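# 3D model of this:
(4 chains, ligands or ions: 8)
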Amino acid sequence: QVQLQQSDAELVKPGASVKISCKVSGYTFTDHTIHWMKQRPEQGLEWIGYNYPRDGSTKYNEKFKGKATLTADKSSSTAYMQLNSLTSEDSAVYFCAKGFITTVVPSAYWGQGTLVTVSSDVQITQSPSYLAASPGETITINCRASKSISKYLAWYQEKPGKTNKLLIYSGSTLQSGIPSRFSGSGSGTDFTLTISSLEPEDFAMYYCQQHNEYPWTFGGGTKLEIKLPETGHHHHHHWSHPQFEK
Amino acid sequence: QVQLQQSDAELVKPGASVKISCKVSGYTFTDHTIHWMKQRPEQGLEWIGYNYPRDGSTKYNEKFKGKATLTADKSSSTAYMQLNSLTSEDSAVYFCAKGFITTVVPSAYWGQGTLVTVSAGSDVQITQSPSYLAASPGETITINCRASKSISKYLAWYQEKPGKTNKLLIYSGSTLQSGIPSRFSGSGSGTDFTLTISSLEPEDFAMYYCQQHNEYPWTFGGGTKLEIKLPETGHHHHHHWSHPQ
Amino acid sequence: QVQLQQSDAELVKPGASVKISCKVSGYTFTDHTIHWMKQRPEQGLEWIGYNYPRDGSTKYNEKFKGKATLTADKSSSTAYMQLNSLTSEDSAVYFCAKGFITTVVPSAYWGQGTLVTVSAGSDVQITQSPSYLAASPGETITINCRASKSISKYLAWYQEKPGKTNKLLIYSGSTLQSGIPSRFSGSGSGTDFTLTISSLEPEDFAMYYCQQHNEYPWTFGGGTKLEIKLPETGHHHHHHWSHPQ
Amino acid sequence: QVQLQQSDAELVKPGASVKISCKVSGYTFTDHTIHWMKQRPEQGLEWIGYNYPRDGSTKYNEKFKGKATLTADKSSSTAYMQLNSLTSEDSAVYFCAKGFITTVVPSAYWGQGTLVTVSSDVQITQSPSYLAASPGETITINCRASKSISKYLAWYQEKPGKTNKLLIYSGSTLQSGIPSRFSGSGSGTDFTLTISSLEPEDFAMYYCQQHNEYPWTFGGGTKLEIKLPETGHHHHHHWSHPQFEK
Ligand SMILES: [Co+2]
Ligand SMILES: [Co+2]
Ligand SMILES: [Co+2]
Ligand SMILES: [Co+2]
Ligand SMILES: [Co+2]
Ligand SMILES: [Co+2]
Ligand SMILES: [Co+2]
Ligand SMILES: [Co+2]
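Numbering: from 1, shown residues only, chains lettered A, B, ... in the order given. Ligands and ions are numbered 1, 2, ... in the order given. Now the structure:
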C-alpha cells in the first residue's frame, strides 16, 4: 500500500505560478526519488525530472529546466513541483511517482495526477495508436527506439480511475501481480507488447517507456478497445484521457 | 500477363440461378485447378470448392454442395460456377483463383470477383485480431491470427485493396510470395501466427486476411483493417468501453 | 488525356517544410488556375487557395495563409504548394485541380493527391447527411446537403473512389458533368440540395461530397459513405440509440 | 384513446395451432375491420387479411389463405387469428390494426404485437435499408412500386415500445399530430419520405405501405440511427426489432 496523494486540480491565468503537491505514504519517504511527469492527449507522457528527498538533489530533463522547480518536505513526506511563467502549453495532467533510490528504474507506484489548466534523447515510436479486438483474441503493440536501449523498455497500462500500472520492464520480465497473458519482447530498438486472451478489463491507454537512460522517454500511446458482439447483451460507457476525466 | 476474367455483376430475383464465369489466360488451363470463394463485402471470406478441368473432378466445401456446381470448358479456357435456388444470403462477391496441383499452398492469381445481388464442424476456425488498427506511414504494426486446431505452418496472408485483385503476401507462415517487399514478414506455428509490416507505406493501408491451407475446406480469418491514424485532439472528447449483461 | 501528376508521399518531421508539385498536361497550363485542397482521409475536404500561372496571382483561404505558398513554373507546366512549419495537423492528402477562368463552376480534373505525414467566419458551412447509408445494386438512394446561408444554385457533387481521381458528377445544383450517367441527378436551391442515384450499380458504392462554388473560400460537406447493405438476420441481434447528458 | 390489447407471447411446437387475440377499446368494434399483419426481421411486414366484426366477413391475402383463420367475438370486442399447421417460417410478431369500415385505408391504430415462436401484387423496394445522421440534419428514404399505385403510399414509424405510428398517407398528406418536418412526396411508382431537423427521438424502423389495392404490401424497412458527436456527453443504449424485444 504505497499511496501518492496529489493536490486538487488547478485553474490559473497565464504568467502565474502553481505549486502542486504529492503526499506519500507506505514507505520511508527519504529512501527514493520522486519523479514528475506531464501528460497531454496529443503529446503523451513526458518526464520532467526527479527530486531526491533525503538529500534534496534534483535532476531535470533539459526541456523542463526553468519551467519546473522540484522540492520536498521531509517532515510531511510531501513532494512539490512549482510551475512558473505558465502558458497554455503547460495545460496538462501532472503525475508524481516513486523511483527506486536514485536509479533509472521505472516506477510502479504513481499518483493519480493533478490537472493544471491555463486560461540525442531516445525518441520512441509506438504503433498502432488505436486498436480494436474481441474478448479471447490476442493483440500486439510495437515500440521502436531511435537508438539502442539494450533491453530496457517498460510497458504501462493506464486505465481511467486507476493509477498507472507497470506491466513489463527490462523488455520482457513480467511485473509481479500482472497476468501471464501479458508478455513483452525485443532488444536494441524493436519491442512488442502482446496481450492474449483479451478480456473487457483490458481497454486502456498503453504506453512504453525506455528506462535505459535519462531523460526517461515514452511512446505516444496506444488506445485498446474491446468488442462486444452485437449478438449478445452488454453496456456501452464512456472514458477519456485523464485530462478530460478531471 | 495472367488474367482470370470474371463475368459481370448479377442482379437476380430470389429462387433463380446464375452461372458466373472465369476466363483464364497466361498459363495452361487444364494443368491447374480453379478454386471458388464467396465474400460478403468487407466481411468474411469462404472457400466454396475447386474444379480440375482436365478430368472434370470437383471438391466442395460440404457447406456449399447443392448450392454450387463447378464446371469448365477446356476449349475456351473458361471455368464456371452455377448457383441455384438463390436467396438473399447468396448475395456476395464470388472469386475464382488458380490452384496448384503440386502443393497445398495457394496461388497468387485471383479473378477480380463477380457480385451477385438477390432481391425483389471439424473445420479449422480462424480468428483474426485486431479487427481494426490505426497507424502512420513509416511505423510498424503486427496482425495476429489464431487457428482452433493446429495447422502446422500452413497459414497464408492476403492484402485486399479496392480495384485490385487479391494479393498473396505470405504462405506457409513465413515464406514471402515472389515480388512482395521485405518489410512484410510472418511467423508462427501450430495455432499462433502474426503478420508484421514495418516501415508502412501509404499503399499498405488496406484490408488483410489470413487463411489456413493445411486441410480442406480452406478457411479464412475475419479480416483486419489498417487505417491511417487520426491525431489525438486537444479538445474534450470521449472513448468507449463495454461490459456484458 | 489530361494529367495532373502529383509528387510522391512525404514523411517529414514536425517543424519542417515540404514543396509538393502538380505537373499538368493536356490543356494550356497558363490559361487556367490551379486549385489546392486538403483532406484528411475519409474525413473533411478543405479549399486552400488557387494560383494563376500567367501572372502569378494567388488567392488563399484566409485560414491557410502562412501555412501555404502557391507558385508555378510556366516552362515545365508544374504548379507547386509549399507547406511550412509542419505540425501533425498538417498530416493529410493534398490535391491540385484545374481551375476555370470563366465560370465559378469547378473543373472535372483533379490530381491523384499527395499524402504528407508529420511525426517523430462568414464562410459557408456545408452539412452533409446521412453520413452513412446501405443499399443494394438496382435501388435508389438520395443524399442531402444543406448550406448555412444561401448559395443560390451553385452546389457541386463529387464521387471519391479509391485509386481514382475525384470525379465531378454535378455542378450548379442539377447540371450533369459531361460523361456522367443519367441515373445521377441533383436538385435544390438556396440552402437545401439533394443528390439522387437511381438503379444503383456496383461502381456507385463510394464516398460522396458536396461543395458550394458560389463564393470563396470554397467549402465542402463532410462526406457520405454509400455501402452495400448487409441482410437482416433472423437471429437475436441489437441496434443502438442515444440521448444527451 | 383507441387501444388494441394483444394476447401474450406464444411458444408452440411445429404442427400445432395457435389462436391469438386482439381486445379493442375506444371505438365501436363493429364499425370497422380488424387487419392482421406478420413481421419478421428479414422479411418485413406482410398483410394477412382483415375480418369485419359487424358481418363476420373476411378477406385474405392469397399467401395466407389456409394458414390463418380470422374470427371476431362481438360481445367481448375481441378479434382472433388462428394459425394452423405451424412451421418455423410462421415464427414472427403478429399485429392487429383497426381499419376504416371495409376500405383500403391504412390503419393509424395498431396493437403492440404478439410474438409467436415455433420450436400482380404490388412489390415495393425501400432504400436505403440503413441510415445514420446527426441531430439537426435532414434525411430522405425512397420507395419504388412495381406498378402504378397513383398517390396511395403511407409511411410508418415503428419505435421500440410504441405501437406503429402512421406518419403520411396518400403520398404526401401529413397525418394529424405528426410534426411538419416529416413530409412525403411522389406519385405513380417513385416516392420519398423526408425527415428534417432530425432529433434523437427519430431512431426507429420506417416502413412504406401502398394503400391503393389489396393485398396491402410494405417496403422492406429502413433503420435510422442518430449521432451523438463524441465531443459531447450522452448515453448509448440498445433496441431491436420487436421479435427480439419480446
Ligand atoms: Co451494442
Ligand atoms: Co453498465
Ligand atoms: Co467528459
Ligand atoms: Co482520444
Ligand atoms: Co437488425
Ligand atoms: Co459515445
Ligand atoms: Co440513459
Ligand atoms: Co436482447
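
# tell me which residue in chain A sits closest to chain D.
residue A:236 (3.8 Å; CB to the nearest CB). Placement of C-beta: from N, CA and C, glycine included.

# run a quick neighbour tally on that residue.
Other residues within reach of residue A:236, judged by other CB atoms under 10 Å in any protein chain shown, total 15.

# and the residue nearest to it when sequence neighbours are not counted, backbone torsions?
If you skip the residues right next to it in sequence, residue A:236 has residue D:236 as its closest partner in space, 3.8 Å away by CB to CB, 6 or more residues apart in numbering or on different chains. Dihedral angles phi and psi of residue D:236 (degrees, to the nearest 10) take the values phi -120, psi 120.

# measure residue D:236 to residue A:230 for me?
For residue D:236, the distance to residue A:230 (CB to CB, to the nearest Å) stands at 12 Å.

# how about residue A:212?
When distances are taken as CB to CB, residue A:212 and residue A:230 turn out to be 45 Å apart.

# name the residue in the two with the higher neighbour count.
residue A:212 (18 against 14).

# is the more buried one in contact with residue A:122, as I believe?
Yes - counting by CB atoms under 8 Å, a contact exists between residue A:212 and residue A:122, whose distance comes to 7.2 Å.

# who touches the closest residue to chain C within chain A in this structure?
Of all residues in chain A, residue A:230 sits closest to chain C, with a separation of 5.1 Å (CB to the nearest CB). Contacts of residue A:230 were listed using CB atoms under 8 Å, 6 or more residues apart in numbering or on different chains, and they are C:237-239.

# and residue A:29, how many residues sit next to it?
Neighbours of residue A:29 under the rule other CB under 10 Å: 21.

# list the contacts for the residue lying closest to it once chain neighbours are set aside?
Computed as CB to CB, 6+ apart, the closest residue to residue A:29 that is not its neighbour in sequence is residue A:77, at 4.1 Å. Residue A:77 is in contact with A:23-25, A:29, counting by CB under 8 Å, 6+ apart.

# which stretches in chain A count as helices?
In chain A, helices defined by DSSP state H lie at A:242-245, listed in chain order.

# one step back: who wins on neighbours among the contacts of residue A:77?
Each of the contacts of residue A:77 was scored by neighbours using other CB under 10 Å; the highest score is residue A:24's, at 23 neighbours.

# what's the closest non-adjacent residue to that residue?
Using CB to CB, 6+ apart and skipping residues adjacent in sequence, the residue nearest residue A:24 is residue A:77, 5.0 Å away.

# list phi and psi for the one you found.
According to degrees, to the nearest 10, the main-chain angles of residue A:77 amount to phi 50, psi 40.

# contacts only, for residue A:18.
Applying CB under 8 Å, 6+ apart as the definition, the contact partners of residue A:18 turn out to be A:10, A:12, A:82-83, A:86, A:116.

# of those residues, grab the buried ones for ChimeraX.
Selection command for ChimeraX covering only the buried members of those, criterion 16 or more other CB atoms under 10 Å in any protein chain shown:
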select /A:10,12,83,86,116
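
# switch the contacts of residue A:18 over to CSV; also include distance to chain C.
As requested, the contacts of residue A:18 are exported to CSV (distance: CB to the nearest CB, whole Å):
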residue, distance to chain C
A:10, 26
A:12, 26
A:82, 29
A:83, 24
A:86, 22
A:116, 22
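
# which ones among the contacts of residue A:18 map onto strands?
In strands, defined here by DSSP state E, the members of these are A:10, A:12, A:82-83, A:116.

# so what sits against both of residue A:212 and residue A:122?
Between them, residue A:212 and residue A:122 share the contacting residues residue A:149, judged by CB under 8 Å, 6+ apart.

# quick one: end-to-end length of stretch A:222-231, please.
27 Å (CA to CA, to the nearest Å).

# please apply the same query to stretch A:162-170.
Stretch A:162-170 has an end-to-end distance of 23 Å (CA to CA).

# just stretch A:149-156 next, same as before
Stretch A:149-156 stretches 17 Å from its first residue to its last (CA to CA).

# follow-up on the earlier one: sort out for me which of the contacts of residue A:77 are in strands.
Judged by DSSP E, strands contain the following of the contacts of residue A:77: A:23-25.

# residue A:35 contacts residue A:99, doesn't it?
Yes - checked against CB under 8 Å, the pair residue A:35 and residue A:99 is within contact range at 5.2 Å.

# who has more neighbours out of those two?
Here residue A:35 and residue A:99 are set side by side on neighbour count (other CB under 10 Å), and the busier one is residue A:35, at 24 against 20.

# for that one, list the residues it contacts.
Contact partners of residue A:35, counting by CB under 8 Å, 6+ apart, are A:47-50, A:96-99, A:107, A:216.

# repeat that for residue A:45.
Residues in contact with residue A:45, defined by CB under 8 Å, 6+ apart, are A:37-39, A:207, A:209, A:218, A:221.

# kindly recompute the last result at 7 Å.
When contacts are counted by CB atoms under 7 Å, 6 or more residues apart in numbering or on different chains, residue A:45 is found next to A:37, A:39, A:207, A:218.

# and the closest residue to it other than its chain neighbours, what are its bridge partners?
Counting by CB to CB, 6+ apart, residue A:45 lies nearest to residue A:218, which is 4.0 Å off, once chain neighbours are set aside. Partner residues in beta bridges with residue A:218: residue A:209, with DSSP bridges as the criterion.

# please apply the same query to residue A:142.
Using DSSP bridges, the bridge partners assigned to residue A:142 are residue A:127, residue A:192.

# would you check that it makes contact with residue A:129?
No - the criterion here is CB atoms under 7 Å, and residue A:142 misses it with residue A:129 at 10.6 Å.

# return the backbone torsion pair for residue A:33.
Main-chain dihedrals, residue A:33, degrees, to the nearest 10: phi -70, psi 160.

# quick one: contacts for it?
When contacts are counted by CB under 7 Å, 6+ apart, residue A:33 touches A:50-52, A:99, A:102.

# close to chain D: what parts of chain A are there?
residue A:236 (CB under 7 Å from any CB of the partner chain).

# any idea how far chain B is from residue A:229?
The spacing between residue A:229 and chain B, counted by CB to the nearest CB, to the nearest Å, is 10 Å.

# same check on residue A:231?
As it turns out, when the distance is counted by CB to the nearest CB, residue A:231 lies 12 Å from chain B.

# for that residue, which non-adjacent residue is spatially closest?
Nearest in space to residue A:231, with sequence neighbours left out and distances taken as CB to CB, 6+ apart, is residue C:237 at 5.6 Å.

# thinking again about what came up before, quick check, nearest of the contacts of residue A:18 to chain B?
Nearest to chain B among the contacts of residue A:18 is residue A:116, at 14.1 Å by CB to the nearest CB.

# quickly list what the closest one is bridged to.
In this structure, residue A:116 has beta-bridge partners residue A:10, residue A:92, where bridges are defined by DSSP bridges.

# my guess is residue A:137 contacts residue A:198, does it?
Yes - in this structure, residue A:137 sits in contact with residue A:198. The criterion is CB under 7 Å, and the distance is 5.3 Å.

# pull the contacting residues for residue A:149.
Taking CB under 7 Å, 6+ apart as the criterion, residue A:149 is in contact with A:122, A:210, A:212.

# can you rerun that using 8 Å?
By CB under 8 Å, 6+ apart, the residues touching residue A:149 are A:122, A:188-189, A:210, A:212-213.

# compare the contacts of residue A:35 and tell me which has the most neighbours.
Each of the contacts of residue A:35 was scored by neighbour count (other CB under 10 Å); the top score is that of residue A:96, with 31 neighbours.
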